[PDB]
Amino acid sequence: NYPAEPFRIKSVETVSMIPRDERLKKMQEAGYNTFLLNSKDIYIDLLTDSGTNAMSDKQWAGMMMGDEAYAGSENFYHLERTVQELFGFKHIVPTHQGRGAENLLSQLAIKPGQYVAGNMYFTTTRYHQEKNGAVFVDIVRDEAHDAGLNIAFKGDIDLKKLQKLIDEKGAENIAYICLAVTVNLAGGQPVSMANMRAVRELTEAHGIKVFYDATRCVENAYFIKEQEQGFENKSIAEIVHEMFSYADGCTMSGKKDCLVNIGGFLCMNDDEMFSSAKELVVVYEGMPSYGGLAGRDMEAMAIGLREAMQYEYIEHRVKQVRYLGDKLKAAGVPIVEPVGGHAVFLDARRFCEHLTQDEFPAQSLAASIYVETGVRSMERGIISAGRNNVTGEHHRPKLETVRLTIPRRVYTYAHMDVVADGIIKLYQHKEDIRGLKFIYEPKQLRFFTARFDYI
């Protein structure tokens, strides 16, 4: 149903809300970009589930046993062994977080002019692919771009689209397939095991490599257990292990499903690629024996990845998100459906029908939720999508959304109720939300520090 937390609270941090008049000053001081607000001025911080998780007593015990040696740290061996056991890959290179591993993969596996195809883009991933000379091709099925369509396993790759790509371009012009689990910008939507099998079968027959974005793979495994016929009595760990058996390697931001505040890694099976990866990690991250992490953080990530396999933990994690979505849907608030593993996405096009996407309604809605509730949320729409690196025009995604992102093990259902009640009230006078225009635009990943003004 909605289960209670399968843990107790060991330690707390205080929350507080500043008056509406002062939030109004803060939002315009931040140029109406929620990324630019200060943590102390936020009451419930749903900007991201990345690095914001609460660790366990066992992880904090591991934090006291950091072996900070430059080479041969016990913490590295623990992390390496844990990932080999749970994911099944032959080799691991730690990185300080996920985009560090993406930096390595894109430099190792892309020849300029080749294609990289994935189930919907992501911001840092697509930037590193294009920066190294690849053309991104979206091979997610069309349904994943329709926010309201409630169907299972929306993250699945369209095998017909993948096949057409191989036929029009040729397999040797495809650097690799990028399969993300879950799919973040479709709403945290899962990929089925059947789809991972079929993608593996078709790519292998053409010699094309498959690399997973593993960042929310445990959430994805929960959906397989819950909804894919035949997996109902498999453990989360068995599902995770089988998932990665259809891949040649992975990038991972441990800051998501490894239940830590920093950390990531790169996995692969190929020996020559591992050799090249170790040469490159030294330049950007650190020695292959710590990869830009303190020993104590490799330890916490090794412990957290194993905690994430507990069924009751991930069931509660996902159903707590679902609770927030269910309360918003029962009141008529338009959301992306089905609710995904890590966040509820408000459909900003339906919330702000009076605005065109060129007026940045998602960015505008996020500012308004902060001013009316003190809750921080993130823009996931035209601002995040960036510009086309050939024409200079906005990428125009069908999904213009505002993300209420739930950190793991941090908030309660009563906090979800506070969030839901505040958004339901804002819905009543949604016509009051104004369009926005750029006054400062970065040349890449512009959503991080852009500044706006009301039209």
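One-based numbering along the sequence shown.
Engineer: Between 239 to 247 and 271 to 279, which has the higher average C-alpha B-factor in the PDB entry?
Structural biologist: That would be 271 to 279.
Engineer: Do the CA atoms of 197 to 205 or those of 221 to 229 have the higher mean B-factor in the entry?
Structural biologist: In the deposited entry, the stretch with the higher C-alpha B-factor mean is 197 to 205.
Engineer: Pick out which of 377, 356, 320, 95 has the highest C-alpha B-factor in the PDB entry.
Structural biologist: By C-alpha B-factor in the record, 356 ranks first.
Engineer: Within this chain's modelled residues, let me know which third the CA B factor of residue 410 belongs to: lowest, middle or highest.
Structural biologist: Tercile = lowest for this residue's CA B-factor.
Engineer: Thinking about Cα B factors across the chain, which third does residue 397 belong to?
Structural biologist: As the PDB entry reports it, the C-alpha B-factor of residue 397 lands in the highest third of its chain.
Engineer: Relative to the other modelled residues of the same chain, rank the CA B-factor of residue 169 and answer lowest, middle or highest third.
Structural biologist: Top third by C-alpha B-factor.
Engineer: According to the PDB entry, is the CA B factor of residue 371 in the bottom, middle or top third of its chain, that is, lowest, middle or highest?
Structural biologist: Answer is highest: the recorded C-alpha B-factor places it there.
Engineer: What third of the chain does residue 69 rank in for C-alpha temperature factor, lowest, middle or highest?
Structural biologist: Tercile = lowest for this residue's CA B-factor.
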